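4 protein chains.
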Amino acid sequence: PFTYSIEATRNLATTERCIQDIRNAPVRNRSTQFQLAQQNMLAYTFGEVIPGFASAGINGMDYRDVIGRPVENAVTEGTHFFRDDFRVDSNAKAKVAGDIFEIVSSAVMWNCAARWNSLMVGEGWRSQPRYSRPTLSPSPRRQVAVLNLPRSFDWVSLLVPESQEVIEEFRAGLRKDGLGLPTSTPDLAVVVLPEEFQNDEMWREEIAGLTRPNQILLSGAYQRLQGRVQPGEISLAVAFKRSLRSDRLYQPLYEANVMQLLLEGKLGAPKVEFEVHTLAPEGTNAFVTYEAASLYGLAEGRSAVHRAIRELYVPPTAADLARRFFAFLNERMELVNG
Amino acid sequence: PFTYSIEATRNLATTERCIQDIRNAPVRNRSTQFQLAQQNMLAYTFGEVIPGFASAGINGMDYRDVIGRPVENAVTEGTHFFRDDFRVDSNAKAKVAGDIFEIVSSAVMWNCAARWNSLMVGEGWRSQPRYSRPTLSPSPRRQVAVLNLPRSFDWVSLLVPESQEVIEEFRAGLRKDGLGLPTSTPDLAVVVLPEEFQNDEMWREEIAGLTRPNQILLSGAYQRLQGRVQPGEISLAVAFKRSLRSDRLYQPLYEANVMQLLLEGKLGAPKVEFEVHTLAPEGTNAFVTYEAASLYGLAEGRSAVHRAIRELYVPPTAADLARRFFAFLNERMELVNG
Amino acid sequence: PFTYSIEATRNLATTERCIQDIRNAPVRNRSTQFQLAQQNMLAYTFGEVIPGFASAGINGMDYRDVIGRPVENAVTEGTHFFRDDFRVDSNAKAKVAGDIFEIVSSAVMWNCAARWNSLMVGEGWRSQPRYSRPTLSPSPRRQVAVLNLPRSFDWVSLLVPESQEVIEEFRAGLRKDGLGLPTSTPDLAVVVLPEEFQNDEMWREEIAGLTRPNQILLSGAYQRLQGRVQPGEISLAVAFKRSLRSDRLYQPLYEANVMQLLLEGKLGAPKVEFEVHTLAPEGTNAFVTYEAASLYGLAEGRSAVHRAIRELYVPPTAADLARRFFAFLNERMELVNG
Amino acid sequence: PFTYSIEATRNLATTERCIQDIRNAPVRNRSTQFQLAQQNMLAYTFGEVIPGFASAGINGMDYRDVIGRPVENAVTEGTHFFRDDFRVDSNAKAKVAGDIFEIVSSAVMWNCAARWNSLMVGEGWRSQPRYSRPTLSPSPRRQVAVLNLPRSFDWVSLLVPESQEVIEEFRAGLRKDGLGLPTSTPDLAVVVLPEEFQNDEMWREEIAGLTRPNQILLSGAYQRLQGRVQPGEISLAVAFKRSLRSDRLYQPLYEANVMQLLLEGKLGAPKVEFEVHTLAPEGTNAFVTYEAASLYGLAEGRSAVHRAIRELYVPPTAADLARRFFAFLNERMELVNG
DNA sequence: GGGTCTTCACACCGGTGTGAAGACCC
DNA sequence: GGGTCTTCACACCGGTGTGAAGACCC
DNA sequence: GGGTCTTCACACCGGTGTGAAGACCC
DNA sequence: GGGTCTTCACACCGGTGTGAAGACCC
DNA sequence: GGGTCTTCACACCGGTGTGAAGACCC
Ligand SMILES: [Mg+2]
Ligand SMILES: [Mg+2]
Ligand SMILES: [Mg+2]
Ligand SMILES: [Mg+2]
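Chains as they are written, first to last, in the entry's author numbering: chain B, 2 to 339; chain A, 2 to 339; chain B', 2 to 339; chain A', 2 to 339. A prime marks a further copy of an entry chain.
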C-alpha cells in the first residue's frame, strides 16, 4: 500500500516487517537499536505502484514527497509496535532515503526502457499515461538496456574481452610501480542492447511494482550483459545523489574523470554522457562548479576539451523524469544505423 | 583551562561563552537551538596550552582525546546554565570537531616551524620538550612558513605574478568555451619563506596558546605571502580530514589532481608533496585506495607517473606529529642551497 | 532488554526497579542515597540473553563491554526518574560490576556444562552457535557440575563424610591451641557429577536467561551436592577478580595455599587446578607474580613442587570463555574411566 | 603548623605547596586534576611536632584525628587558591592517609628507639613526656634499630651474606622449574643494632619533626643496615593497615607465611613476631580470623605450630603506641646477653 | 653518552549489596 | 513463640603518590 | 444580596466531492 | 552613502544497510 | 568439507560555524 493501511502491516510477516528490532543483537561497532529495512520498505510502499508510469495523481506529486515517503511510512510503523522506544538516527534516515532515490528513480527509467523497446520492435506505443511518441524511425537494433550497478562494481566487466584487455594492460602496467586506478562506480549505466537479446522478452515486459521478485531482477540485470557491449555504445551514465553539499559534488567528478579516460583514450569512445540527478541543489554554487573541463584532455594541449558533467538535473515530478528520458532517447538513438 | 574549571566559565563573559543561545534568533534554514562557538572553544581549552610543545603529559595523550575535548568541554558548560534544555545535534558535533582538528594540528606544526626557524638563523635548539636536533647545515634561507588556508581560497594568489599569468591564461582560455577549473582548497599549505622575511621575528616567536590574539594571526598569516613564493618552492600540502569514509577520501584526490596539474605542467614544479592526516581510517580500504596514480600524466604515455597522495598519516599522539614534521624538514630542506 | 528499552523500565514494578531510593531509610553506617539492585540489574539486561551462547553479535563483543553494561544501564534509569538527584558512588559501581563478573561468567560456563552433559548421555551436539565438538569418547560418567559458591561458604561440606572427618580432625586439632584455618571461598568450584544424578535432567537443561527463577538455581545448585563428591574429583577451582592490583592478587593465593593443603595432604588429592580469570591485568607484574610455588610443599624438602595458580586468563570476548572451557573438558575428562 | 595557619601556606613556596595543580599535565592513565603532595603534607602538619613525644595535649588526642588531619589540612588549602574547582577523589584521600599512617606511626616508634638507645648507653631517661622507665639492665648491646621499608624491597638484603646464600640457593632452586617466592614487603622491620654502630650518635639523636631533612633519613636508614643483622635478631615486623576489610586482612598473612618460612626453616629463626596495627577493625571478624596457624608447619606433622599474627593492635591515642613499644622492648631484650 | 626525563609497578584504603543470624514480641 | 525484622560480616574492585628503571640524545 | 458561578452566542478556520475547464498528443 | 547588517556558499564529519568474502566445523 | 554464519568495505546523505559579499538607508 502507498498510504499506510493499518492492517496490511498487521497482515505482513515479522520477516517482511518494515523495522526489525536488533536491540538484542548488536553488530560490534554501531549501537543500532532499530534498523530500517531498505529492501522491505521499497516493497511496502512501491510494491504495487511505480512512479511516473502509474496512477497519474502520483506522477504529478512533488518528487521530494514520493522519495522519502517510505521513511515516514516506517516511522508510523515504528510508533505502533514499539511505542515510546522508537528512535532511528537521522544519519540512518539519510542512507536509506538516498538509496531509495537510487533504486526508485532507476526503476522509473526502466519503465521508459521497456516502452521504448516496444516501439522499436513494432509493438505499439502504450498510452495509459499520456506520453508523447518519439519521432524516430522504429528499428529493432535501437532498444536500450538500463542497468543498476552494485556497490563494489568496477564496470570494466561489461566490455567485450577484445577491448577489456587494453584496460587490464593499462591497469597491470600501473601495478608495476605499486599504483592503481581506484574508482567509485556510478549508480546507473545506460547501454544499448546487444545482438543476443534482440528478440528476448525480458527487455519489453514492463515492470508493475517493486516487490522482491521484480527487485533482484533490477539488481542483477547487469550480470546478463557482463562482457557484451562495445565501448562506443555506452550512451548515458547517471550518478544519483539526493542532495548536494559543497564537497560531496566532487565524488561524481572523480567517477567521470576516470570514465572519460578509460573510454576516451584507451578504448577510443568519442564522449560518454555523464550527468547527475539531484533534488536539493540549494546551499551550493553547484551549477557553476559543474562547468568543469575534464582533466584528461588538459595534458595534450587543447586538442579536444569538453565538460566532465553533461547536465545537472532537478526533477520536479516523477513524470518529468520519464519525459526527459524519452527526449534523450529521441536524440541519441538517431546516431545509429536504424 | 584544559580540564573545565567551574569558575573560569563563570568568570568569562556572555560574549566569550562557549555556547550562545540562539533560541530567540533562527537563521531561516536550520532550526539550531544552541550553537557551539568554534572560535571560543579553542580559546577556552587550548587558550594557554598547545599540544605537542607544552606539558608533556598532554603530549603523550591519545590524539583522539585532545581533539574532541572542547566538544565535551562545551557539553559540560551546556548542562550548567541550560539545564535539561541542552541539545546539540551530532551533525554539529562533527563540524566543529573536524574544524578543531583543522586548526589545532596546524597550530602544532606552527610550533615546529618557529623552532626550525630558530636553528636556521643561529639561535639555539629549544629543549623544553625533548625533541631531537635535526642534522642539517643551519642556513637562514631554509626557514619554512606554514599557512592555514581559508574556505573560499584558490591558492593561485600565493605565486609570483610572473608565474600567476600562465595559470590565468589557462583559466581564461577555458572560459572561452564556458568552462573552468574549480577546486577545493587544501587545509594547509607549507611553503618556504621568501627573501623579504629572512630577518623578521614573527616567524620565530613561538606561539603559547590559541587565544583570539594568536588565532587571527594563524588565520591571516597567508595574506603576508600573497604573491611571493616561486612555484618550485611549495614543499608540502596537507589536507585535514578527521575520519575517512569510502567516498569522502576522493575529495582530497580532486584537490591533488588539480594541484599536480597547475604546478606539474603549466608552472613546471617537479612533484608537490600532498598528504592526508587522519585519525580514524577504519571501515575503509583507504591505504590501498590512496595508491592512486595521478590522472595528469595518464595522457602523454608513461613519461612520468607517480602517486597523487604521498602518505596517509595516523598520528597516535600529539608529540608524534611534531616528530614527523621535524624529519620531513630534515630531508626536504637538504635539497636547497644551504 | 539488552539495550535499555524506554518502556519496559516503565512497564516494570517498583519492586523490580533497577534502583531503589533508600533516601528515607539509612542503614546506620553508610549514607547510601541510592543503591544499585544487583539481583535486578542482572535480570534486566541478561534476563532473556546469555553471553557466549546467544545472539552471536553479542558473543563477539568486547567482554569489558558486556560486563559493566548493567551499571550503565542503571545510570540511564537513574537519570530518568530521579532527575538531577542521581549519584552512585564509584565504590558502589565496582562492587556490583565485580559481582556481575562473578555471576555472569559463571552462567556462561553453566551453558558449556549442559551442552557437555548432552554429548555425554548420547544426545547431540547443539550447534546453534558454531562450537567445535570435543574429540572424547562419550561416557555418561563424565558430565560435570559447575557450582557458584556463596560468601561465607567453607567448601568442606561438599566432600563425602568419610573424608570430611579428617579435615574436621585437623581443624579441631588446631582448636586445642586456640588456632584455626580461616579461608576465603573461591567464587567457582567445578566438580564432576556424582552417581545419584546420572539421569537427572537439571544438569542438561540449558539455561536461557538470568531471571530470578533461573538465578536462585545457580546460587543454590551447590546445596544439592553438599557431601557427595570424592576429594580426588574436584577438577577446577576458578577465582573471579575483575581487575588486579599489586596486592589484591594475593587474596587468591591464600585461597589456593589452603586448598592445596587440605586436598594435597590430608585428603590426598594429586593436584587441584586453581586459576584466576581477570579482565584488566595492566598496572601489575602479575603474570610473573603468579609463577609462585605453593608454600605447602616447601617444608618436606623438594619432593613435589608446583604452581599455586594454574593460569591467569584474560578473556577477550564472551565466546572465547566458552571455547577455553570446552578444551579444558576435552583434556581433564580423558583421565577418568570413560 | 599543626592547625592551618593562614599565612605560612602563603609564606610557603609553589614547589612545597600542599597541592600541585596538574590540570595542564595528565599522566596518560589517570585523569587526576589535583594531587595531594604526600611528602609535603607530612612536612606541613607534622613538620615541627611529633605525636606521642611532643605537646602532650596532642598525645592524648584520638589517633584517628592525628592521622587524617593532613588530608583535611590539604582540603582547606585547596579551597583557598583553587576556589570552586577543587576535587580530590576519595580513592586519592585513602592512599595518602594510609601512607600517612605508614610514615607517622613509624616515626613515633623511632622516638621510642632513640630514648631506648639513650638508657642503654648510660645516658638518662628523658622525662619531658611522663614515660615510665623500663626495668631492664642497661647494656649497650641492646639498642634497637627501627627501619621503614620501601615499596619494592625484598628484605633478604638485610641479612649477613653468609646467611643470604641459603635463601638465594632456595630461590634459584625454585627458578629451575620456572617458579619463585614473590612477597609483599612489610611496612616496618624492627631489628637490633649491629656491632658497627654501638657508638654512633645517629641512633640516639631524637627526631624533632618530619621535615624533608629528617624524612629521607627515616626512608633510607634501612640502607645502612643492608647486610648486617643475623637472622635470629629480627625482633618485630609491623604491617601497617589503616582499616581492615574481610579480604584485605589476608595480604599481611602472605607477608608472614613467607617470613615464617625463610626465617623459621632455611635460616633457623625460632619465631619472628609479626603484628598488624589497625585503626578501624569494625565490619570484620578479624580478631578471630587472625587466630590462624602458620601454613609452614602444617606439613611436618604437629612438631611446632603457632600463630602467624602475634597481635592485632588498635591504638587509641598516640601516646599509647609509645607505651606499648616500651613494654615490648622491656620483654624481648631480656633474652639477650645484657 | 652519563645525564634528564617519561614512563611503570608498587601497596594504598574506602563505600559498598546480599545472605544468614541476630533482634524481638505474640 | 515461630515468625518478621534489624542487624552484621562477607568479598567487591578502583583511583591513587612515589621510587626506580626506563626512555632518549649529546 | 452583590458576589460567585453556570451558562451562551461570538467568530474561529480546515478537510472536503463534483462539475467544468484545463492539460496534452493523435 | 560608507557603514551596519542580513544573507549565502564553503568544507565539516558521522551513523548508517546490504552484498560478498570472510570465518569455522562437519 | 561445502555449507552456514560472522564479519567488513561500500557509498549513503544531512545539520552544521564562519568569512565575505550581499542587503539597505543615511
Ligand atoms: Mg551517490
Ligand atoms: Mg577536509
Ligand atoms: Mg574475588
Ligand atoms: Mg599495608
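Quick reminder that beta carbons are idealized off the backbone N, C-alpha and C, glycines included.
How is residue i classed by DSSP in three states: helix, strand or coil?
i                : result
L37 of chain A'  : strand
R333 of chain B' : helix
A281 of chain B  : strand
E265 of chain B  : coil
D22 of chain A   : strand
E274 of chain B  : strand
With 8 Å as the threshold, decide whether the Cβ of residue i is near any Cβ in chain B.
i               : result
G58 of chain B' : yes
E274 of chain A : no
Where residue i and residue j are concerned, what is the direct C-alpha to C-alpha distance, given to the nearest angstrom?
i                : j                : result
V306 of chain B' : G174 of chain A' : 11 Å
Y45 of chain B   : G210 of chain B  : 10 Å
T285 of chain B  : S138 of chain A  : 49 Å
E234 of chain B' : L194 of chain B' : 9 Å
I51 of chain B'  : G79 of chain B   : 27 Å
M121 of chain A  : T290 of chain B' : 53 Å
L336 of chain B' : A319 of chain B' : 28 Å
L218 of chain B  : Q129 of chain B  : 24 Å
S32 of chain A'  : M62 of chain A   : 11 Å
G269 of chain A  : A293 of chain B  : 23 Å
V192 of chain A  : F275 of chain A  : 12 Å
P232 of chain A' : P214 of chain A' : 31 Å
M203 of chain B  : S247 of chain B  : 41 Å
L226 of chain B' : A300 of chain A' : 29 Å
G69 of chain B   : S220 of chain B' : 53 Å
I'd like to know whether the C-beta of residue i is nearer than 8 Å to at least one C-beta of chain B'.
i                : result
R308 of chain A' : yes
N41 of chain A'  : no
Would you say residue i reaches chain A', if we count a Cβ-Cβ gap shorter than 8 Å as a contact?
i                : result
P2 of chain A    : yes
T290 of chain B' : yes
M334 of chain A  : no
Can you confirm whether residue i, when its beta carbon is compared against all beta carbons of chain A, has any partner nearer than 8 Å?
i               : result
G99 of chain B  : no
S244 of chain B : no
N25 of chain A' : yes
Hey, residue i and residue j are a contact pair by Cβ (cut 8 Å); roughly how many whole angstroms apart?
i                : j                : result
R116 of chain A' : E207 of chain A' : 7 Å
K242 of chain A' : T184 of chain A' : About 16 Å; that fails the 8 Å criterion.
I20 of chain A'  : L37 of chain A'  : 6 Å
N118 of chain B' : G53 of chain B'  : Going by Cβ atoms, the distance from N118 of chain B' to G53 of chain B' rounds to 16 Å, so no, they are not a contact pair.
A114 of chain A' : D188 of chain A' : Between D188 of chain A' and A114 of chain A' the Cβ distance is about 16 Å, and since that is not below 8 Å, they are no contact.
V105 of chain B  : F154 of chain B  : No, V105 of chain B and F154 of chain B are not in contact; Cβ-Cβ is about 20 Å, not under 8 Å.
Would the beta-carbon of residue i be found less than 7 Å away from any heavy atom of ligand 6?
i                : result
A190 of chain B' : No copy of ligand 6 appears in this structure; the ligands present are ligand 1, ligand 2, ligand 3 and ligand 4.
*asked:* Check whether the segment 12 to 32 of chain A and the segment 326 to 334 of chain B' are in contact - that is, three or more C-beta pairs closer than 8 Å.
replied: Of all C-beta pairs linking the segment 12 to 32 of chain A to the segment 326 to 334 of chain B', fewer than three are shorter than 8 Å, placing the two stretches out of contact.
_Inter-stretch contact (C-beta, 8 Å, three-pair minimum) for the segment 8 to 20 of chain B' and the segment 65 to 78 of chain B'_ = With a cut-off of 8 Å, the segment 65 to 78 of chain B' and the segment 8 to 20 of chain B' count as touching, because enough Cβ pairs lie within range.
_Does the structure place the segment 255 to 274 of chain A' close enough to the segment 138 to 154 of chain A' that three or more beta carbon pairs sit under 8 Å?_
These segments do not touch.
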